[PDB]
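Structure 1 and structure 2 below are two forms of the same protein chain, each written out on its own as C-alpha cells.
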Structure 1
C-alpha cells in the first residue's frame, strides 16, 4: 500500500541539521492532517511500504524562516539572578500580556542582552533518513479524531 491521504503510516527516521543528529525514533501518524511538518509529509506522499529514502526539507516547509524581528535586546536585569546568562542559554519568557515567548541568549554586552525569540530551527534546512515501516487504512475512529491511535 502507498502512503497517501488518510493512511496510517509508521516510519523510522533520523533527523540531522547541518550534519548533526538532533533526533531519531519511530512513530505512526495519520497522513494528510498536518500531524508532521509539511515538507516531511510531502516527501512521504506516494512512498511504498518498505521504502527507504532521504529527504532534504527546506526551512520554509519545516519550522519556517528566521524572522529578523525575533532578535531583540533586553536588559540583563530582567533575567533571574540565579541563572547563567551566556550565549546559547535558553529561557522561558512571556510578554506583558502573558503570551509565551521563550528565547535563546545570543550575546551579552554589559547590561544589555541580545536574545532571539525564533524557534531554534527557524531558518534551518532539515535532513531526514526515513524508512516506511508500515502503511494501513485508518479506522473510522482514527479518521474522526484525525490522528493515529496510540
Structure 2
C-alpha cells in the first residue's frame, strides 16, 4: 500500500539540522489531516512501505520562520514559585481566549525573564533520513478524531 490521504503512516526518522543530528525516533500520523509538517507530508506522498529517502524541508514548509515579535519579557512573578526559570526550560502561558501558548525561556535577568514563543526550529531548515515502516488505512474513529490512535 502507498502513502496517501486518510492512511495512517508510521515511519522511522532521524533529523539533521546544520549537519548535526538533533533527534531520531519513530512515529505514526494520519496522512492528509495537517498532522505532519507540510514539506515532510509532500515528501511522503506516493511512497510505498519499505522505501527510504533523504528529504530537505525548508523552514517555510516546516515550523515556519522566526518571528522577532515572538520575544518579550514577563516578570518572574508569573512563574510558579516552586518552579525554576533557567535557560532552556519550557512553560505554558495563556492567551486572551485562554487557549495555551507554549514558551521557552531564553534568559533570566533578575526580575525580568526573556522568553521565545516561536517554535524551537523556526527559521531552521530540516534534513530527514526517513524510512516508511508501515502504511494502513485509517479506522473510522481515527477519522472522526482527526488523529491516529496511539
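In this text, rigid core is short for the largest set of C-alphas that superpose within 1.5 Å between two forms. Numbering follows the first chain given and starts at 1.
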Q. Of 83, 61, 47, 91, which marks the hinge as one rigid part swings against the other between structure 1 and structure 2?
A. 61
Q | Relative rotation of the two rigid parts between structure 1 and structure 2, taken as the smaller one's turn in degrees | A | 23
Q. Cα shift of residue 103 between structure 1 and structure 2 after core superposition, in Å?
A. 7.2
Q. After fitting the core, how far does the CA of residue 67 move between structure 1 and structure 2, in Å?
A. 3.8
(Q) Once the core is aligned, what is the C-alpha displacement of residue 113 between structure 1 and structure 2? Give it in Å to one decimal. (A) 10.6
